[PDB]
Structure formats: structure tokens, C-alpha cells
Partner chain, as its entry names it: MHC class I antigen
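Single chain ahead, by itself, as C-alpha cells, in the form deposited without its partner chain.
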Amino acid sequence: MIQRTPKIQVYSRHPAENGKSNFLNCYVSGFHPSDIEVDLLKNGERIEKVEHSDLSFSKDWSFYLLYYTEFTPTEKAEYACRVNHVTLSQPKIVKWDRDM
């Protein structure tokens, strides 16, 4: 058996074909087992509609998840990603920094 804690990165991207649009991303990488719970949060509340959830694996024991959706960050509100995994005794919340 192997278990590996996810690395979690939270960032924003504009798709080059539609640069006025902005996407909030949570990239959860290198984890095992694959069982996981991932949410995007706005003011601590689960964003119910997340458009994209892309899961892959490299080696049989390393999984990668890109979880992302369109958003409009203003100076109002706080955004984050929350991850639950067997390796994490408490949920891990990683805040989005507007500079990322």
C-alpha cells in the first residue's frame, strides 16, 4: 500500500481564445489513494456549479485533479479550495490569492 498527501495549488487563468473570461482553478496533485473530496469555496460556501473536473494518473499510485470553473474576482469575497483526503487529519483549505 502507498499513501501520498495531495499538493494543492489555487490560481486563476484566462483562456487565450476568450481572454475577458477568468477561471478559478484548484490543482490537486500527486495523491494516493484516489479517494478525495475537493470543493471550490466562495465566502466559505461550496460553489455548487464547477464546470470542469479532470482526473488522471501517472504511475498507478499518483493521481492528478484539475477542478476549475468560470468566476469574476472583485475586491469583494474570499475564494478557496478545500480538500479532504485520508492523509489529511483536518480538511485543508488553501485560499486563492488575487495575485495568482
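Positions refer to the first chain, counted from 1.
*Asks:* Between 10 to 18 and 72 to 80, name whichever shows the higher mean Cα B factor according to the PDB entry.
*Replies:* It is 72 to 80.
*Asks:* Higher mean Cα B-factor in the deposited model: 53 to 61 or 33 to 41?
*Replies:* According to the PDB entry, the answer is 53 to 61.
*Asks:* Please say which third, lowest, middle or highest, residue 26 falls into when its CA temperature factor is compared across its chain.
*Replies:* Tercile = lowest for this residue's CA B-factor.
Same protein, other form: the form solved in complex with its partner chain, not shown, and the subject of what follows.
*Asks:* Mind listing which residues of 7 to 35 have a heavy atom within 4.5 Å of its partner chain in the entry with it bound?
*Replies:* Contacts from 7 to 35: 7, 9, 11, 12, 13, 14, 15, 25, 27, 29, 32, 34, 35.
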